Amino acid sequence: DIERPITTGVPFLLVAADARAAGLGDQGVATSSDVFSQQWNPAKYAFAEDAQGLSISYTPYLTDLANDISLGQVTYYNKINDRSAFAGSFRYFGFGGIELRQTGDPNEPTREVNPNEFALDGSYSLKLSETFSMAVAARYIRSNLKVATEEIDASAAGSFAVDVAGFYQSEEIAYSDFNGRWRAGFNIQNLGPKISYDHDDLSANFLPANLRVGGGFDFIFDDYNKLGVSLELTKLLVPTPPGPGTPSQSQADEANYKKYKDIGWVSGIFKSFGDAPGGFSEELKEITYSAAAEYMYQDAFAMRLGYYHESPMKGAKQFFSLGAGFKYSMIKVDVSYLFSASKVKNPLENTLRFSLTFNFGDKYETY
Amino acid sequence: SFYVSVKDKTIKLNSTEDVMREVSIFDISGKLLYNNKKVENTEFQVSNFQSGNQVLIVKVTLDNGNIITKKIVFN
Amino acid sequence: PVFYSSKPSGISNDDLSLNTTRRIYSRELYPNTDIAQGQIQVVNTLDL
Amino acid sequence: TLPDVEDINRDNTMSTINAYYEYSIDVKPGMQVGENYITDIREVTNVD
Amino acid sequence: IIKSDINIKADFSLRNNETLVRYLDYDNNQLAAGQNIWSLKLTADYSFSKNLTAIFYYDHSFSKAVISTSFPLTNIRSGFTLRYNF
Amino acid sequence: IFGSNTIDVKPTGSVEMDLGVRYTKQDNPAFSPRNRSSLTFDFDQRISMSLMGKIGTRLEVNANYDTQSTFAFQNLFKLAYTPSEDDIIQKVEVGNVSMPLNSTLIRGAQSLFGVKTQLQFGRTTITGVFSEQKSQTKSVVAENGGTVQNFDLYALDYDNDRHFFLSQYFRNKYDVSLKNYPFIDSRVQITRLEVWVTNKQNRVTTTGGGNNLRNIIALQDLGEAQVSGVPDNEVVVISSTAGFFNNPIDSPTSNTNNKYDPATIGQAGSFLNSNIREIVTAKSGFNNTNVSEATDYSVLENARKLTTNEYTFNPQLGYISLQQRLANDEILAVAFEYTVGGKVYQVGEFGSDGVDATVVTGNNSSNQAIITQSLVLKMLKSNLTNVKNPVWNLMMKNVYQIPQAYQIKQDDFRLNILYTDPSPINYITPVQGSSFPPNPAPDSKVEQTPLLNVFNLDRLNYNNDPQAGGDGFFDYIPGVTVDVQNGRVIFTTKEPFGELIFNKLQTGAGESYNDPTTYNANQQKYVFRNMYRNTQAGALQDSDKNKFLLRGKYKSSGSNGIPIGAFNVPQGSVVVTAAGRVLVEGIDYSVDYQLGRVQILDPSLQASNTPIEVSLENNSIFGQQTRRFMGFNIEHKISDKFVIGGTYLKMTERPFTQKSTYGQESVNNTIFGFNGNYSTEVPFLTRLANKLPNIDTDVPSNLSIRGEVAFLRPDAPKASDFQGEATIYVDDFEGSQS
Amino acid sequence: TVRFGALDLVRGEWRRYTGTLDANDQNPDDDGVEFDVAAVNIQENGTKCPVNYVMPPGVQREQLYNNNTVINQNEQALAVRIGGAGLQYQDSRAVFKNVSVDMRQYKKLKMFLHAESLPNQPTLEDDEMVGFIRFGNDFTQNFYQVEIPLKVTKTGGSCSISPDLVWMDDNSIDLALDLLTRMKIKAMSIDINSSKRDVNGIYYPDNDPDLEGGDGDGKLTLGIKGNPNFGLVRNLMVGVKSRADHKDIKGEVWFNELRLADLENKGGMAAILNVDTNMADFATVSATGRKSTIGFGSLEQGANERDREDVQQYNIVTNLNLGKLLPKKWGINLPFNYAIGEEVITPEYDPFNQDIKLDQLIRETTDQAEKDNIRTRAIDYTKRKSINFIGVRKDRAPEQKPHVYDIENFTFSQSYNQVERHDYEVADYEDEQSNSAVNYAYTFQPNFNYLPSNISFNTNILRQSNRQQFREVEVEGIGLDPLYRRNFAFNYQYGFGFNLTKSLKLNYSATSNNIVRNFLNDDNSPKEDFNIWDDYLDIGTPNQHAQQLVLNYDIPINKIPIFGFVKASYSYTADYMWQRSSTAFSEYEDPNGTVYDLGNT
Ligand SMILES: CCCCCCCCCCC(CCCCCCCCCC)(CO[C@H]1O[C@@H](CO)[C@H](O[C@@H]2O[C@@H](CO)[C@H](O)[C@@H](O)[C@@H]2O)[C@@H](O)[C@@H]1O)CO[C@H]1O[C@@H](CO)[C@H](O[C@@H]2O[C@@H](CO)[C@H](O)[C@@H](O)[C@@H]2O)[C@@H](O)[C@H]1O
């Protein structure tokens, strides 16, 4: 099972917040540009066909057990030129309003709490060459899951992070049986200071710094039927905490945890590439990969299939994903479903994601 | 009609008029922390349960078969 | 928690390092107990 | 905000019976597991 | 370029409650329960389009403590709700 | 790939987004100053989308997304790809799909989410499905309408801390008064009862029967006189009874029976002084010496009076039934009044005839004196439990709560008593080397006697008239043996599994029910004295006596139609079986799907008493394991009247963890089978029908033959296996030590 | 300063067994033995000084997702500490749990065990303390006994000891329940007074000189006392026992992962045959035959829910429209329904002993009469017969004037049901029900009026007969005396509505319930040879009689031209009921011998 998992703060940032990418095995770093291209690769907002767009996404949790426990995302982008784009997003995980009814009197005034976690980020993407673009994103993260009691401090914990991303999209290149198009991208995410959940520097958690690299290829048939195959690789940029021992019995473990927790996040990024007694073969074990296929009909209907595979030693979150998309006039509707193939229960099992995006403004020609 | 109250690590269920048949208390992970198939009361107190993990989901099966869901904070 | 997070006037870091006043974290008492991120990580000790 | 009352179980009445069981624990520097109801001892070496 | 009527609906409520137990033979008027809660719900509507509607809301409730077992509570909920019809 | 190029999937509904802030400030001074206020961002989505349309006249979309729906199944999404008839692929479905099967041994599934494909090779139809099952199969049994609910209660599982005799007089009169039930050998008529309990709610309200709070002192021995067959130490706790009683031996319970009479407090020779009326001086209020604060009496300072909806009482047999049981240190005290013909007896002190709550002397607060006086009541439950005191025996142990039963009726209730050692046997056998008492009375027969007769629950026929050996059925007496409104069964003796069976097994006068060392080795095996002389937890230590089983059933109908215990049942998932044959959904019965009501339409089955089994899919489930449903069905067609099938199904549950605890197991079952269907038309049968005297019909005669064989290959999933073997944990010991 | 990182009251699901286990001592509350039951945690006892707590080899902590984070669950073992004066030679201390466990579908019962010495106490030696499982329906009369001498983990040096040395495979209980079955079958031949039995009555096959092979397990000592049943375990007990003769021993013993293994996953089969035919809208026949074997079941059914019995069932339902055999010029509706079916169920396990398969017990009996009794008492047989004449009426020809004396205003219904059963609990069961109903209704079509607006009347004869003969499970020689329940009733109710005036309206209704007691002797003894058709058209004594009268009046005061503004409306409803009292009241006999009629209500 899971051995020596990587411990990071605010793990809700790694959850796929849109149905389109979730239907593609939780990957978007090298897919076609879309309104949700902020969590995955802000650099391809400069390749958007529409001038601006606004999207709303809903990812419910524990659907059979309760309602209003969900991860919500609102994204807005607006590419002012054919080379630059401005984008902002708001991911929000909350349990909904919870009534703190202490006594049993029906009419007693009750305090309502809404434990929640949200991230507000804005990105600027600039198209350097006709096929390459880069982006920089600044994110504010706030964690407010704790509820105030006589002993518990419920002060929200906050942190800031920056993202550096790049997107490559080649021109339509003709082949023997079709005319394809190549895509690639990278996204270094959540680069920022440690988040102190208990407002103490001695107890700080690494931000979920993450590196996504990926490539995509589009099969174009009859200029109206498109099949897109994308592969994504993901690696956390957080050092792995020690397990058995690597210097009494508990003294060695305590010293190892002391050394692991006394690492800066900038230094932790480089310690991620290593910090293990194994070689390259055993450090490739920490690499998460995801494969996806997407068939497009008239650019208004999409069928999405994807496979996501984490290492069984780290998280062990592996599943198959199915997705569908419909565009009426300017409304695109995306739904996705997850089939888990892992020993550990996936909290998003038996859950249908919903995404709704509005496209308006001018149209930009694709190169 | 249905009220759930937590005073000191104790959960009190108050379902006026209607009789509760079963109560299942879940931590917010899908994990069942407490289940009682034999409540049969209009008021029930979960005194043999204590977790301290803040947010809990109380699902109550009524005698009619209706299922009432309430989210609580385990003070 | 005000003594540990927003230190009041007249309280120093030395006052918070005694084994009678320092904040006790759950990992010290329960190194093998996993706690969800964003949840309670400190042990609220009853002090006599 | 509650008034101080000589009624702790909040049944409006003040009990005056002293029928109870007694248990005691020694507090001394050299306590070890196996005596004085001690079942486990955890040593912390270098605390931040 | 966009013309719309603004609908304002303001709902204020002030509720007072007191439970007193009175002794007949001596001055022992005991305050057993009470509530002093006032609330204000203000909403403003604006139709940016036939499909798109924006509503501003502001809910402010303050409950005073009548007896010490209750704590004074302030609840303020304000923001914008955007509704799009299909 | 699609018929045309049109795409007309038009969204319907609305989307709402809440963007705002939430501010909260509760002024609890115990809270940290860091917790003085909460300022959180508020976000909310209220999607109520609907999606309908087509893509190229071949793909159909039917989706509905609502964030405020039920658990998971109201968010439907159906993709249906229907190509032309000449293609091998006939129909592909993705999303909410169903796998209906025309089979009795192998049932299909209606609530599935996955991929369903249908193939046609000339005349052979192949239907394959891979999906996740969102529903759970539920089966109910109905006879004469209402659903049948079965119960099993062991002797130890009585309704504890709820039912109390009002006095030792009623307790000791109970057995003899019910000897010739339904006739009650007692003229006791309880006219008035006031019940007081420890007040922990502490709420003043004018609608809950007013604000009647009083200081209370509850005396264990109040109103008690001697009992002929019972020693005085088993009736009263007073250390010395010398000069205590002042009425004849078998006098009915009344205030004037002893020197604790509230009416004679401190007159000339009472055992109580005026100090008894004050909480502070309660101890000094006793004239007798050895008095303890929780044995002889108990005090409450703001005791709350129960309203009439919080309890019921039996006016004739002198006991009470609380709505809420007192399983904790609560004090129970009562005042009651009853008539025996023209005579009126009172045992407690009512608010109407008791001392005033408050007496004030003086003119102002500087010199005023406040005297708060207590009502003297009869203690039915003490603050501190002591099973050696008679107040413990006031608690009835002979009342059994039928689970889930609220409106039980005669002809809708069955009860039998079994001895399970280990199999259920409805008679008692003597211990080897011994015999039951010779030549017993007909009412004390034990040898070869059904246990209902042994425990005095079957002496009447259907019309409640006495019958020599009974009618084999539980005597349903609304006033004696059952509590119809609450669905409780009450034995006609106070200790049916104790003193009653001891008496029926007694062989000589040298054996005493209160002396276990004198038992005759049949009483050693069968008499469960500890369930009456000890608490239930304490009686758990006597592990070999909890072998008598109360077993039966009752019918819960309520309204017309069979209640199947599920709402919004998926269409086509209901199967009804009468006597091994499957009924027809249009002829024999009708289904109200939204309310979960099954109505039997066949007139012969309604007036039959035959047990009707109803199976259905329940999609109102939560906290269940992920259920994978997959399989294929073959539908070969030799001729227009002969069809063969080849169904094969597999279902696997995904455990939450690798440790499957007992009861919460996971299955990996595989089922497969074959079916045949031959349906011909026989003109000969119609021709023979026309040969009958007055038949002139022309409708055809049809013969239908259906055969099916099924094989089940069950297993457990590899996930919940320990060292390569299917494993169920009786106790992994993780759930102990809360 | 004392700082409590934790401070709890801890309640355990396992209860210390108080009272005696060995008959040689008979003094539990003495001898100063400190018996402690607790739990040892990976989360709290990873640094325990005698031995660090570690998971048994192969055991892993459960893993769950709390909020996008992996949470390792706690792993716990039940710890038993024996201290103070120490255990005597044959003394034992145990904890128990009340459960409901069926382990017939599994082949192995397993548990991990650990033993260690107490610090500052004499060292516990190997095979001196014996861990034991005792389970059954109790701990004194009906239980299996599984014992294992315990090897002691060597302490003294480092507190961190390898899991293979904390949880020795030599100390693990690995029990095959087939060995328990063999032990029980062998103990069937050991009487309770045998010298082969222990002082506690436990039969130990390993201690039997005349038996070769012992209990079939060289690692475990197996015992049995009184026919327990692992098909329904109501009592689970683990504990420690001593074998050190001249020594008082102290130590700590851990129990972990008590589990069932090796699921018996052999399946089953079922077959269904359906024959449906119709005879030109006159007769329809539906026949069904069902055969299922042991191990069959539904897809969703678990190990303990699948079929544990062979089932053979047939059912034939026949419907005839006998009214069509008559000329259609007068319309007779005469539907005839005939249903017959029987079901035979043979259980996998013999109902006696509940945990030995029926065929195995039959084979290992060596007594022909006992073989026949065992074979016959296990059969669950049900036979059902249903004859129905519901809805008999004469239809109206398409043009006649309705008349009050018409036979078209009548409806007749007759239902007969019979159930014959015999199974492990009843040697002979017969349930007979007969229902005859006649309905009449006529609506009249158009000083004060006296012609009724409508007339209603119906009569019901209901006769339920029940015979119950509980079987003797030991021998099929005589059996219990049969019990008879009879519910012969005669019901009739009538009602007529009136339109006495244009405003005044009168409705009357009366119902009567009669009971027929022809089946009772002079005393309160039912007659043995009483047929359900004996005196069918017999009206019995009245049991319940009720009357209802409804009056509606509009108060025609508007006729006079001075009170025409009044709109009065008067309604009067009256109810009466007479209820026969029980014979216990109407013939009550006081102890002095006088018989009193306490009357009705
Ligand atoms: C940070 C994001 C803030 C939120 C942005 C909202 C933008 C609202 C503009 C409405 C809109 C976008 C669709 C949005 C709907 C999604 C709502 C989802 C709610 C989820 C709960 C609908 O327009 C479409 O929808 C139809 C609705 O029926 C319209 O019909 C008609 O609609 C009405 C005539 O407009 C009729 O009155 C109605 O009779 C008809 O029916 C059609 O005209 C059209 O198809 C059209 O956008 C256009 O309007 C202008 C006006 O200023 C906007 O100017 C921009 O403002 C800044 C950008 O805000 C930019 O910086 C700035 O450069 C630029 O000047 C542009 O946007 C422009 O392109």
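The scheme used for residues numbers each chain from 1 in its written sequence order. That scheme is not guaranteed to match the entry numbering, and residues without coordinates are omitted from view. Chains and ligands are labelled by the order in which they are written, letters from A for the one and numbers from 1 for the other. In this view, a larger assembly is represented only partially, and all stated values concern the represented chains. Each side-chain value is derived from all of the structure's non-hydrogen atoms; neither hydrogens nor water enter the calculation.

Method of determination, as given in the entry header: cryo-EM; reported resolution: 2.2 Å.

*Asks:* Got a minute to help me understand the interface of chain F and chain G in this structure?
*Replies:* A common way to report how large an interface is uses the accessible area buried once the components associate. Residue contacts follow a heavy-atom distance rule, with two residues in contact if any of their heavy atoms lie within 4.5 Å. Each partner contributes to the interface: chain F provides 111 residues, whereas chain G provides 139 residues. Note on chain F versus chain G: buried area summed over both sides is about 10,400 Å², and carbon and sulfur give 52% of it. By buried area we mean the combined loss of accessible area, with a 1.4 Å probe, across both parts when two parts are placed together. On the chain F side of the interface with chain G, the three residues burying the most area are F:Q541, F:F733 and F:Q737, jointly 7% of the side's total. Each salt bridge in this description consists of a side-chain nitrogen of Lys or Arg and a carboxyl oxygen of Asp or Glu lying within 4 Å of one another. Between the two partners, chain F and chain G, sit nine salt bridges. Linking F:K659 and G:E257 is a salt bridge whose minimum nitrogen-to-oxygen distance equals 3.0 Å.

*Asks:* Explain helix α2 (residues 250-261) of chain A here, please?
*Replies:* It helps to recall that an α-helix has 3.6 residues per turn; residues three or four apart then point in one direction. Its 12 residues place the ends of α2(A) 16 Å apart at the C-alpha level, agreeing with the 16 Å of an ideal helix rising 1.5 Å per residue. To sort residues, take the accessible area from a 1.4 Å probe on protein chains only and compare it with the maximum for the residue type: under 20% means buried, over 50% means exposed, and anything in between is partly exposed. Runs of E in the DSSP output that reach at least two residues are strands. Runs of H or I that reach at least four are helices, and both are numbered from the N terminus. Those residues of α2(A) that fall on the buried side of the exposure criterion are A:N256, A:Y260 and A:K261. Angular distribution of buried residues about the axis of α2(A) spans 125 degrees; they occupy a single face of the element. Where α2(A) is buried, its residues contact α2 (26-29) of chain C. Expected helix span is given by 1.5 Å per residue-to-residue step, counting one fewer step than there are residues. The directions from the helix axis to the C-beta atoms are what the arc is built from.

*Asks:* Looking at this model, I keep getting lost on the site of the ligand. Mind explaining?
*Replies:* In the region of the ligand, 16 residues are neighbours, and A:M330, A:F360, E:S49, E:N51 and E:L82 sit closest. Here, proximity means that at least one heavy atom of the residue falls within 4 Å of the molecule or strand. Flanking the ligand are residues from chains A, E and F. Any N or O atom pair separated by 3.5 Å or less is treated as a polar contact, with the protein-specific requirement of one donor-capable and one acceptor-capable atom, and with residues adjacent in sequence counted only for side-chain atom pairs. Note that an oxygen atom of the ligand is positioned 3.4 Å from one of the side-chain N or O atoms of E:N51. Listing elements by their share of the shell around the ligand, those giving two or more residues are β1 (50-60) and β19 (353-363) of chain A, β4 (73-85) of chain E together with β2 (14-26) of chain F. Element by element, the count of residues in the shell around the ligand is highest for β1(A), at three residues. Within the shell around the ligand, the residues separate by chemical class into 12 nonpolar, three polar and one charged. The classification used treats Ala, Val, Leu, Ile, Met, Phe, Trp, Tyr, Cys and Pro as nonpolar, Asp, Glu, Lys and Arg as charged, and all other residues, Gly among them, as polar.

*Asks:* Mind showing me how you'd approach the packing of aromatic side chains here?
*Replies:* Aromatic ring pairs are described here by two measures, namely the spacing of the ring centres and the angle between the planes. Centre distance within 6.5 Å is the pairing criterion for rings of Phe, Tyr and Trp, where only the six-membered ring of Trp is used; planes under 30 degrees apart are then read as stacked, over 60 as edge-to-face, and the remainder as tilted. A full pass over the atoms with the stated rule returns 106 aromatic pairs over all chains. Taking 4.8 Å as the distance between ring centres and 50 degrees as the angle between the ring planes, the aromatic pair formed by G:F410 and G:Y440 counts as tilted. Here the residue G:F410 occupies a position in strand β22 (residues 410-422), and G:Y440 occupies one in strand β23 (residues 426-443), the gap between them amounting to 30 residues. Relative accessible area serves as the criterion here: at 32%, G:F410 is assigned to the partly exposed category. The rings of A:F90, A:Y92, A:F118, A:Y140, A:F160, F:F41 and F:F43 are connected pair by pair, giving a single aromatic cluster. A ring has a charge above it when a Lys NZ or an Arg CZ is no more than 6 Å from the ring centre and no more than 35 degrees off the ring normal. One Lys or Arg, G:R485, reaches over the ring of F:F473 and ends 4.2 Å from the middle of that ring.

*Asks:* Looking at this model, I keep getting lost on a negative patch on the surface. Mind explaining?
*Replies:* All names here are of chain G. Exposure above 30% relative accessible area and the lack of any salt bridge qualify a residue for a patch; like charges then connect within 9 Å, and the nonpolar side chains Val, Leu, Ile, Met, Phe, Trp and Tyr within 5 Å. Surface accessibility in these figures is a Shrake-Rupley result with a 1.4 Å probe; residues are shielded only by whichever protein chains are displayed. Working convention for charge: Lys and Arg count positive, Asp and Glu count negative, and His plus the chain ends are omitted. Where a charge sits is defined by one atom per residue type, namely NZ (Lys), CZ (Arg), CG (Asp) or CD (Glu). On the surface, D481, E528, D529, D534 and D535 cluster together to form a negatively charged patch. By the element assignment, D529 lies in the loop between β27 (505-515) and β28 (541-553). On the basis of relative accessibility, which here comes to 71%, the residue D529 falls in the exposed class.

*Asks:* I keep staring at the sheet that holds strand β29 (residues 562-563) of chain F and nothing clicks. Help me out?
*Replies:* Adjacent strands of a sheet pair through backbone hydrogen bonds, lying either parallel or antiparallel. Residues and elements named next belong to chain F. When DSSP finds at least two bridges between two strands, those strands are taken to pair. Within the open sheet, the three strands sit side by side as β29-β32-β31. Their pairing is antiparallel. The open sheet has two free edges, formed respectively by β29 and β31 (589-592), since each of these has just one partner strand. Alignment of β31 against strand β32 (residues 597-600), held across four bridges, turns out to be antiparallel. Looking across to β32, one finds that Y589 is bridged to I600.

*Asks:* Please explain the sheet that holds strand β10 (residues 143-149) of chain G as it appears in this structure.
*Replies:* Residue and element names in this part refer to chain G. Taken in spatial order, the six strands line up as β2-β7-β13-β9-β10-β12 in an open sheet, and their pairing is antiparallel. The open sheet has two free edges, formed respectively by β2 (15-16) and β12 (221-224), since each of these has just one partner strand. Axes here mean lines fitted to C-alpha atoms, for a helix over just the part in contact, with angles spanning 0 to 180 degrees between N-to-C directions. Along the sheet, helix α2 (residues 177-187) makes contact with β9 (129-136), β10 and β12, crossing β12 at roughly 50 degrees.

*Asks:* What is the right way to read unusual backbone geometry from this model?
*Replies:* Most peptide bonds adopt trans geometry, and most residues besides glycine take a negative phi value. Following F:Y181, the chain continues to F:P182 via a peptide bond in cis, the omega torsion being 10 degrees. Along the chain, the position of F:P182 falls in the loop between α1 (168-177) and β13 (188-197). Cis peptide bonds are those with omega within 30 degrees of zero, and the linkage from F:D421 to F:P422 qualifies with -5 degrees. With respect to the element layout, F:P422 can be found in the loop between β24 (413-420) and β25 (424-425). One non-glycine residue, A:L62, lies in positive phi territory at about 50 degrees. Even without being a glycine, A:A316 presents a positive backbone phi close to 55 degrees. Take A:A316: it is sitting in the loop between β16 (301-309) and β17 (318-327).

*Asks:* Looking at this structure, I do not really get the arrangement of the chains. What am I missing?
*Replies:* The top pair by number of contacts, from a total of 17 pairs of chains in contact, is chains F and G. Nothing in chain C touches chain E, and the closest approach of their C-alpha atoms is 21 Å.

*Asks:* Looking at this structure, I do not really get empty space enclosed by the protein. What am I missing?
*Replies:* Which parts of space are left empty comes out when a probe the size of a water molecule is rolled across the atoms. The rule is simple: put a 1 Å grid over the protein atoms alone, call a set of points where a 1.4 Å probe fits but cannot get out a cavity, call an open set with protein on both sides within 12 Å along at least five of seven lines a pocket, and count a residue as lining if it has an atom within 4 Å of a point. Grid points are joined across faces, edges and corners, and a volume is the space filled by probe spheres set on the points. Put simply, the largest cavity is a space of about 420 Å³. Around the largest cavity sit 25 residues that line it, and A:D64, A:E349, A:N350, F:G623 and F:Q624 are the ones nearest its centre. Residue composition of the lining of the largest cavity, grouped by class: nine nonpolar, 11 polar and five charged.

*Asks:* How do you make sense of a nonpolar patch on the surface when you look at a structure like this?
*Replies:* Residue and element names in this part refer to chain A. A grouping of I80, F86, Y124, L126, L128 and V136 is seen on the molecular surface, where their side chains present a nonpolar patch of about 520 Å² in accessible area. Mapped onto the secondary structure, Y124 falls in strand β6 (residues 116-127). The exposure class of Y124 is partly exposed, given its relative accessible area of 30%.

*Asks:* Help me out: how do you make sense of the environment of G:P482 in this one?
*Replies:* All names here are of chain G. With respect to the helices and strands, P482 occurs in the loop between β24 (454-470) and β25 (483-486). Overall, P482 belongs to the partly exposed group, its relative accessible area being 30%. It is 9.3 Å that separates the C-alpha atoms of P482 and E528, two residues lying 46 residues apart in sequence. Other than its neighbours up to four places away in sequence, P482 contacts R467, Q468 and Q469.

*Asks:* What should I look at first to understand the pattern of salt bridges in this one?
*Replies:* Pairing between side chains of opposite charge can happen when the charged atoms of each approach one another. Inspection of the entire model under this criterion finds 94 salt bridges over all chains. Between A:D50 and A:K363 there is a salt bridge, with its nearest N and O atoms 2.9 Å apart. For A:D50, a relative accessible area of 10% translates into the label buried. For F:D588, the salt bridge identified is with F:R581, shortest N-O distance 3.8 Å. A residue is classified by how much of its surface remains accessible, and F:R581, at 12% relative accessible area, is buried. Through salt bridges with shared partners, one network takes in A:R20, A:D34, A:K44, A:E294, A:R304 and A:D334.

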